[PDB]
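Neighbour counts are summed over all protein chains in view; Cβ atoms, including those assigned to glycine, are modelled from backbone coordinates with ideal geometry. Any read-out appearing in this document is the output of simple, stated calculations on the displayed coordinates, not a laboratory observation.
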Amino acid sequence: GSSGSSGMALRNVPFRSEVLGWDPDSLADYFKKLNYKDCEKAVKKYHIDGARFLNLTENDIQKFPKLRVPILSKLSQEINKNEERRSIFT
């Protein structure tokens, strides 16, 4: 190989079905891997499960930092699109 990797930004994203079955205590781990310790905190403190992440709304974003607000809104969508195409007609 040649191209090196690190893991400190939007590079890896989980699957939707996977997040839909996550928890407000487990989802925090996902962030810990993305160097998002500021997010994982609220995820456990406010008890925000994966299902709540993908549905990041103005009511949820308010419970997040202005430094990760846009990051979570952009990430939450990345997962929704990561859903394994099976037979969705919507």
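Here is how the numbers come out for the structure above:
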quantity	calculated
Derived scalar couplings ³J(HN,Hα) [the stretch 12-29; Karplus, 6.51 cos²θ - 1.76 cosθ + 1.60; whole Hz; x for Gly, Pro]	10, 9, x, 8, 4, 3, 6, 6, 4, x, 8, 9, x, 10, 8, 3, 4, 5
Karplus-derived HN-Hα couplings along the stretch 54-63 (A = 6.51, B = -1.76, C = 1.60, θ = phi - 60°), whole Hz, x at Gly and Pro	4, 9, 3, 10, 4, 7, 8, 3, 4, 8
Simple spin-label estimate for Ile88 and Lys45 in nanometres, 7 Å along Cα-Cβ	3.1
Distance-filtered residues of the stretch 52-90 - backbone nitrogen under 13 Å, label point 7 angstrom along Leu20 Cα→Cβ	52, 54-55, 80-90
Theoretical ellipticity at 222 nm over the chain - DSSP helices of four or more residues, -39500 (n - 2.57) apiece, nearest 500	-11000 deg cm²/dmol
Prolate/oblate/rounded label for the chain (Cα gyration tensor, a/c 1.5)	oblate
Within-13-Å neighbourhood charge of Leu20 [Cβ basis; K, R +1; D, E -1]	-3
